[PDB]
Amino acid sequence: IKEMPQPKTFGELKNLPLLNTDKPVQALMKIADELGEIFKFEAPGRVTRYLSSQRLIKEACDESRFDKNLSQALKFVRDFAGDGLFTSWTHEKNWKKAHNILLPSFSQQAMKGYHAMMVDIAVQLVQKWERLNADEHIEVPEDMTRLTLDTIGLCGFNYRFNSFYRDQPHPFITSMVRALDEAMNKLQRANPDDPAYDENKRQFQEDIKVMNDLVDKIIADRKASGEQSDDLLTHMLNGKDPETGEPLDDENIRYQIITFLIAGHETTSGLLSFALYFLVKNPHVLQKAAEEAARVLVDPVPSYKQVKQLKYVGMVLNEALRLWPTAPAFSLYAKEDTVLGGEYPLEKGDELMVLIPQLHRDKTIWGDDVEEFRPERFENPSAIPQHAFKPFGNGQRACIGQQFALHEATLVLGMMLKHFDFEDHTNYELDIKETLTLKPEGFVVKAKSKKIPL
Ligand code: HEM
Ligand SMILES: O=C(CCCCC1CCCCC1)N[C@@H](Cc1ccccc1)C(=O)O
Numbered sequence: 003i004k005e006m007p008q009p010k011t012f013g014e015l016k017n018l019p020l021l022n023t024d025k026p027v028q029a030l031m032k033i034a035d036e037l038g039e040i041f042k043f044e045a046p047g048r049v050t051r052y053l054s055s056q057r058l059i060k061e062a063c064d065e066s067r068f069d070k071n072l073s074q075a076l077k078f079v080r081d082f083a084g085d086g087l088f089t090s091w092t093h094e095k096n097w098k099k100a101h102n103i104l105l106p107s108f109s110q111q112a113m114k115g116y117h118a119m120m121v122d123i124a125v126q127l128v129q130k131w132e133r134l135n136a137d138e139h140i141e142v143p144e145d146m147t148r149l150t151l152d153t154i155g156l157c158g159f160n161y162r163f164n165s166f167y168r169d170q171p172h173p174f175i176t177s178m179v180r181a182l183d184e185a186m187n188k189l190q191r192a193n194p195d196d197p198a199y200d201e202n203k204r205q206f207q208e209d210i211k212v213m214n215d216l217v218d219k220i221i222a223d224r225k226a227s228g229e230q231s232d233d234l235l236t237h238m239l240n241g242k243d244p245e246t247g248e249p250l251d252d253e254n255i256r257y258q259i260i261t262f263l264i265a266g267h268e269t270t271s272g273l274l275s276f277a278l279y280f281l282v283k284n285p286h287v288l289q290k291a292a293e294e295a296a297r298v299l300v301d302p303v304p305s306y307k308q309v310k311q312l313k314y315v316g317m318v319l320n321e322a323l324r325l326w327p328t329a330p331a332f333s334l335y336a337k338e339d340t341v342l343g344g345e346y347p348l349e350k351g352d353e354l355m356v357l358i359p360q361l362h363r364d365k366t367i368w369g370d371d372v373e374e375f376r377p378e379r380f381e382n383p384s385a386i387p388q389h390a391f392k393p394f395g396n397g398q399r400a401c402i403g404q405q406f407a408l409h410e411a412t413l414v415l416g417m418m419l420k421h422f423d424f425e426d427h428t429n430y431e432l433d434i435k436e437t438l439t440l441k442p443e444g445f446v447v448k449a450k451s452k453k454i455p456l
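Quick note on full-length UniProt numbering: the sequence shown kicks off at 3 and runs consecutively.
Following this line, the structure appears as structure tokens:
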């Protein structure tokens, strides 16, 4: 039994000012490098413990001892994501009901049905790049976000955001980004009832209303038309939970659609951006991935079966997730009094944060080459120990979208490597912007077409 390390304090504000930064996850990573596998973090009326080692995270991932916690971030996002799957407690009736209805819509088998819609948006990206002039470059996170938002709009509810037709996001996206920004900024407000923030509160309510009205109108329009599409909205209007026998109601469907749009905007776009970053910084890896794309994607339109054969493209994605897990943390609570790691007594309800970037740098699992980008670490999935690699979270609360995200990212990265050579023309210095997720800010490349027809 051991005292937990704690970072530097600021009198009555305890550790809270350490996260008064636009890069709090990176700040916690530097704290974990200084203090090790566990540290306590105190704020007025709150204590969290940050876990970094596979030894402790494997215990935290025991669902008999720990359940998903809503972090204060997720509590603030719940003001517009409601009791959708991501912001619901495991014990809320709507969690298991939605989970049971939606699991079959997210299976590897279901990806066959979404493939044609993913191709539609991926071909729009490839055409955009084919149409750049010689003196032009690509804004990588900007284009990847146009792509993944459009893909989930089309597969989610047969709605075209038409992000490749725009400089300025669809108004829904404006309100969604600003609501996400307000949720994350509120973590840093030592005193949020100061009238200074009355404007933030009013803007936040107006952004929620924009989001509810598009989504409630889309649900209403689809029920009126009676149309049956191969999208998540049709599955949610028709599906019944085998346990309760109930379908989702319209309000909960709206929370799911908002949740899926947050995911498409924030996550897969980050993964593709990091993956392209690591490929242009590691040309041997780029050559090996481009060889696979050329050999496998032999048709102008990739098929579902061809995407499944892009093994090395999948290893590149996993290695990018290892170094920069675009969703960088998840929160747990102790279901009962327990001892973590034989050393750290916890009380029922005590909150843990898993720092996924630190888990993925545990040299006792990965070896001393942990900072190097080496997709070959993933050549043999069996060799990865349990709970060493957690970019999609844990157990029954793991990412329902994992097969969707990886199918889209593999398809798109495959097509990018088939169609273009890439240049790191600025010698880009990695600068990681934080929202809910991580993205490489300002990452730009030049593409040179291989002149292969679509
Ligand atoms: C590379 C892409 C993505 C990554 C890294 C990612 C990561 C994660 C992580 C870490 C969690 C666990 C959150 C927690 O424990 O608090 C999660 C949950 C979830 N993700 Fe994803 N995700 C991705 C893509 C998507 C997509 C495309 C969708 C939907 C279209 C989606 C929908 C969800 C939902 C609904 C949950 C909550 C599941 C539940 O608790 O029942 N994700 N994701
Ligand atoms: O560890 C953090 C800051 C990084 C969250 C990153 C997280 C946000 C969700 C999506 C994945 C990434 N937040 C904790 C602790 C906390 C609480 C109040 C004020 C300050 C910190 C929390 O939100 O409970």
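Here a beta-carbon is modelled for each residue, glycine too, at the ideal position from N, C-alpha and C.
Proximity test, residue i beta-carbon vs ligand 2 heavy atom, cut-off 6 angstroms
{"i": "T23", "result": "no"}
{"i": "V282", "result": "no"}
{"i": "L438", "result": "yes"}
{"i": "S73", "result": "yes"}
{"i": "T50", "result": "yes"}
{"i": "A331", "result": "yes"}
{"i": "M355", "result": "yes"}
{"i": "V27", "result": "yes"}
Where residue i sits in the DSSP three-state scheme
{"i": "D195", "result": "coil"}
{"i": "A45", "result": "strand"}
{"i": "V372", "result": "coil"}
{"i": "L438", "result": "coil"}
{"i": "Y335", "result": "strand"}
{"i": "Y52", "result": "strand"}
{"i": "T269", "result": "helix"}
{"i": "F394", "result": "coil"}
{"i": "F12", "result": "coil"}
{"i": "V27", "result": "helix"}
{"i": "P347", "result": "strand"}
{"i": "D69", "result": "strand"}
{"i": "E431", "result": "coil"}
Near ligand 1: residue i beta-carbon under 6 angstroms from a heavy atom
{"i": "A407", "result": "yes"}
{"i": "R399", "result": "yes"}
{"i": "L87", "result": "yes"}
{"i": "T147", "result": "no"}
{"i": "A265", "result": "yes"}
{"i": "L182", "result": "no"}
Sequence-distant residues of its chain with Cβ nearer than 6 angstroms to residue i (five each side left out)
{"i": "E44", "result": "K16, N17"}
{"i": "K450", "result": "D423"}
{"i": "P285", "result": "none"}
Whether residue i touches residue j by CB criterion (7 angstroms)
{"i": "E36", "j": "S55", "result": "no"}
{"i": "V298", "j": "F424", "result": "no"}
{"i": "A185", "j": "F78", "result": "yes"}
{"i": "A411", "j": "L319", "result": "yes"}
{"i": "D69", "j": "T92", "result": "yes"}
{"i": "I33", "j": "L361", "result": "no"}
{"i": "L239", "j": "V142", "result": "no"}
{"i": "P455", "j": "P302", "result": "yes"}
{"i": "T439", "j": "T366", "result": "no"}
{"i": "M213", "j": "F394", "result": "no"}
{"i": "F375", "j": "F280", "result": "yes"}
{"i": "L334", "j": "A62", "result": "yes"}
{"i": "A331", "j": "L348", "result": "no"}
{"i": "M355", "j": "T23", "result": "no"}
{"i": "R256", "j": "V217", "result": "yes"}
{"i": "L419", "j": "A292", "result": "yes"}
{"i": "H237", "j": "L151", "result": "no"}
Local Cβ density within 10 Å of residue i, reported as buried at 16 or more and exposed below that
{"i": "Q398", "result": "exposed"}
{"i": "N429", "result": "exposed"}
{"i": "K307", "result": "exposed"}
{"i": "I220", "result": "buried"}
{"i": "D352", "result": "buried"}
{"i": "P173", "result": "exposed"}
{"i": "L30", "result": "buried"}
{"i": "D371", "result": "exposed"}
{"i": "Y314", "result": "buried"}
{"i": "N135", "result": "exposed"}
{"i": "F12", "result": "exposed"}
{"i": "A385", "result": "exposed"}
{"i": "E245", "result": "exposed"}
Own chain, CB closer than 7 angstroms to residue i, minus 5 neighbours either side, in chain order
{"i": "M146", "result": "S271, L274, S275"}
{"i": "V128", "result": "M417, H421, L456"}
Distance cut-off 6 angstroms: residue i Cβ against heavy atoms of ligand 3
{"i": "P393", "result": "This structure lacks ligand 3; the ligands present are ligand 1 and ligand 2."}
Contact set for residue i: own chain, Cβ-Cβ below 8 angstroms, skip 5 residues either direction
{"i": "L87", "result": "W97, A100, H101, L104, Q258, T261, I402"}
{"i": "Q28", "result": "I434, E436"}
{"i": "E94", "result": "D85"}
{"i": "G316", "result": "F380, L408, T412"}
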